[PDB]
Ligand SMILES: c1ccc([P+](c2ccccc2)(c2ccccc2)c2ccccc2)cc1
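So this first bit is one chain, no partners, the form deposited without ligand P4P, shown in structure tokens.
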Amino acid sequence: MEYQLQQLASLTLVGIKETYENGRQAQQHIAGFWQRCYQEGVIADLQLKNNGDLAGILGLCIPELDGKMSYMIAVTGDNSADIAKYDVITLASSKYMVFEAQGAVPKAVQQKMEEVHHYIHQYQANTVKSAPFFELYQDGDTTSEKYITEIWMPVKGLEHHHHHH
């Protein structure tokens, strides 16, 4: 499978996190949460705040310590001045396997995400299950078959994996 290796410094992310039961229905709630964020002007409002650290809107999957699963819609921003209205987290610095899903959203992303998870199962000592992973949606027509969503999967110690030796 094709991927690029990328590294991020610690970043500040501003947005809204919701929490679901780890879901066979999760994708339905995530759809609804996207729909609501657009409908309520939240996406537009976050887009203003995007400081450019990452180009686009993030959909982060955040593991919770009670086993639940959170999804956060966010942008790289600057201020905890937004805490009144928004969730603000620090995305801790990490290396990533960065994959591309090309096709109309969400179908291409869902399908690519299945392939990714199956691919990365061979890298159990190198993925980081407690670290967020995310979809990155850059500017473009997400209905276009050429639209590319990036999938960022955090890794540690990947250079030691025997497949690279």
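Only residues modelled in both forms are compared. The first residue of the sequence shown is number 1, and the count goes up from there. Only the largest set of C-alpha atoms that superpose within 1.5 Å between the two forms is called the rigid core.
What comes next is about the form deposited with ligand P4P bound, which is not displayed.
**Asked** Though only this chain appears here, would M153 touch ligand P4P in the entry with it bound if you measure heavy atom gaps against 4.5 Å?
**Response** Because a heavy atom of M153 falls inside 4.5 Å of ligand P4P in the entry with it bound, the answer is yes.
**Asked** Any of the heavy atoms of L60 lying within 4.5 Å of ligand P4P in the entry with it bound?
**Response** Judged by the heavy-atom cut-off of 4.5 Å, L60 is well away from ligand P4P in the entry with it bound.
**Interface membership of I120, ligand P4P in the entry with it bound, 4.5 Å heavy atom rule** = Answer yes; at least one heavy atom of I120 falls within 4.5 Å of ligand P4P in the entry with it bound.
**Message:** Taking ligand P4P as it sits in the entry with it bound, is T127 in contact with it (heavy atom to heavy atom, 4.5 Å or less)?
**Reply:** Close contact exists here: in the entry with it bound, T127 approaches ligand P4P to within 4.5 Å, heavy atoms only.
**Prompt:** Where does the chain move between the shown form and the other one, taking runs of at least 3 residues whose CA atoms all shift 2 Å or more after fitting the core?
**Reply:** Moving stretch: 22-24 alone.
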